[PDB]
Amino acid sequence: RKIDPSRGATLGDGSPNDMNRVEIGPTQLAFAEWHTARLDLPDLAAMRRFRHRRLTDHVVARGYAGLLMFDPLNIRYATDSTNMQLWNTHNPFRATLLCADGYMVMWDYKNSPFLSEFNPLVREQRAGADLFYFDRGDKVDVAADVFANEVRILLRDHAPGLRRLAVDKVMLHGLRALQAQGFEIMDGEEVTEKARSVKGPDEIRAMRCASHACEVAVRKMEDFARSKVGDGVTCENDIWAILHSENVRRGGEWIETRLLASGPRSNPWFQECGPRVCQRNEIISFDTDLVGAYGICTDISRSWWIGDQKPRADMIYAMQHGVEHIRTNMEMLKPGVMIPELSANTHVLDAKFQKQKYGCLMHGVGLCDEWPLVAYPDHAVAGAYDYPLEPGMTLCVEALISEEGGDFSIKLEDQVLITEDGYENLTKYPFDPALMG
C-alpha cells in the first residue's frame, strides 16, 4: 500500500513509498502543491549525509573527541530523527554522540529505539541518557555515571587519546559525571550553530519546499481573516488557528511563538495572540516563526489591513518604510561581507521608529532561528560575530516599524539565501496592497 502508487519503491525524496512506514514527512497535499509549483524534492539520504559530514568536519577542525547533543533541534540536525520533539525541548530524555571519526550513537527513549533506524548514519540505538528529576527521582547520579562511562568507552574507541567533549546543553548531574570520566567539556552550541550555518544543495531544496507550504498556509489564514473579520466573534486565536491546522495538514511540526496581534495590541510588539475579537479597519500583524515541512523553519512576517476604508496615512508610511528597510538591507547580502559590516551599514530607520525597533536586522534560519544574529549598530557587540557570509547561508531580513506609544506596528520579514554572486529572496508572499497604498 503506497503513499504514491504512481511511483516505485521510493518517493521522489528517496523515502520509502509505503503508507505503513515508520517515517513521517510531507503529506500528499504538500507533495501535490510542490509538483504544481515545479519544486525539486530534497534527496533525504544525501541531505542527512551532508549534515553528518559537515558536523563531523566541525568536530575534527576543532580537535575535539566528539560532540554530545541533548537539544532536540541539534539532534534533528545530526540525525533527522524526531521523537516527541516539544516534550524533548524541556525534558532531556535523548542524546546523540558524534565521535571524531564520524561514528554516531543515539540514546533514545527506553521504549522507542526504532525511531532513528531509518538513518543508518545512526550506528547504535541505546537508552538511559535521561538524567532529570522527573525521569529518575532521587536516583539520577547512578544513571549519570552509567551513561558517562558509555561515552568514555565510545570515545576511547572512536576518538583515542582525545579529552575534549563539546556538549550543547546538559543537566548538572550529567556534567559532573562526564567531568569525572576525565572529559574537558567544551561549548557544543558554537559547534552546532556554525555547522547549521551553511545549508547543502538538498537542505536548500527542502527549504524551498517548506517555504512554499508555509506561504500556502498563510494565504489560507488570510482568506479566512478577510472573510470573517467584522462578524463580532472571530478572535486573534481563531485566525491563528488556521496557520496551525494548515501547517500540520502539510506535514509541519509546530509554531515557536504567539506573534499574531490585532488592533492596538500590536504596539508594543511581542504581545501574544489571544481572545481579542478582531475588527474591521484594523491592522493585523503577525510573524509565522514556523517549523514546517521536512522540519524546516519558515520565519516570515506580514501586516494586513482588513476593512473597506483606506488605512491611516501613518500606516501606509510605516509599511512602505519597512519594505524599504528590508529591501535595502537585503541588497547588502553577498559572500565575504562580515556580519558587523551588515550592522554598520544598515538602512537607518526614522527617528520615531528607532526606540522600538527589532532586536536585530537579520538572523540565521534553518530548523528554527539560528546563528548568526545581526544586531543594529547601537546594540552590536564588538568581537561577537567576526565572520564572513558564505554561500548556502540562509537569513531572515527583519523590519519592525513601531511608533513609541503608538497605535499599531508594522512587522515585515523575508527569508533569503546567500548564493555565489549575491542573494536570492526565497519569500514570494505579497505585501498588503492597501497598506502599500
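All residue numbers refer to positions in the sequence shown, first residue = 1.
Note to self: Which is higher on mean Cα B factor in this entry, 123 to 131 or 341 to 349?
What the structure shows: Mean CA B-factor is higher for 341 to 349.
Next item on the list: Could you check the entry and say whether 95 to 103 or 108 to 116 has the higher mean CA B-factor?
Entry: Comparing 95 to 103 with 108 to 116, the higher average CA B-factor belongs to 108 to 116.
Note to self: By the CA temperature factor listed in this entry, which of these ranks top: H90, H325, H158, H244?
What the structure shows: Across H90, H325, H158, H244, the entry lists the biggest C-alpha B-factor for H325.
Checklist line | Out of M47, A30, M69, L389, residue topping the C-alpha B-factor column of the entry | finding: Reading the PDB entry, the winner on C-alpha B-factor is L389.
Margin query: Split into thirds by Cα B-factor across the chain's modelled residues, where does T234 land: lowest, middle or highest?
Written below: It belongs to the middle third of the chain when residues are ordered by C-alpha B-factor.
Next item on the list: For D299, return the chain-relative third of its C-alpha B-factor as stated in the PDB record: lowest, middle or highest.
Entry: Its C-alpha B-factor, which the entry lists for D299, ranks in the lowest third among residues of this chain.
Next item on the list: Using the B-factors in the PDB entry, rank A9's C-alpha atom against the chain and give the third, lowest, middle or highest.
Entry: Highest third - that is where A9 ends up once the chain's C-alpha B-factors are sorted.
Check: Where does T288 sit by CA temperature factor within its chain: lowest, middle or highest third?
Finding: Lowest third, going by the recorded CA B-factors of the chain.
Item checked: Modelled-residue ranking by C-alpha temperature factor, third containing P311 -> Ranked within chain, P311 CA B lands in the highest tercile.
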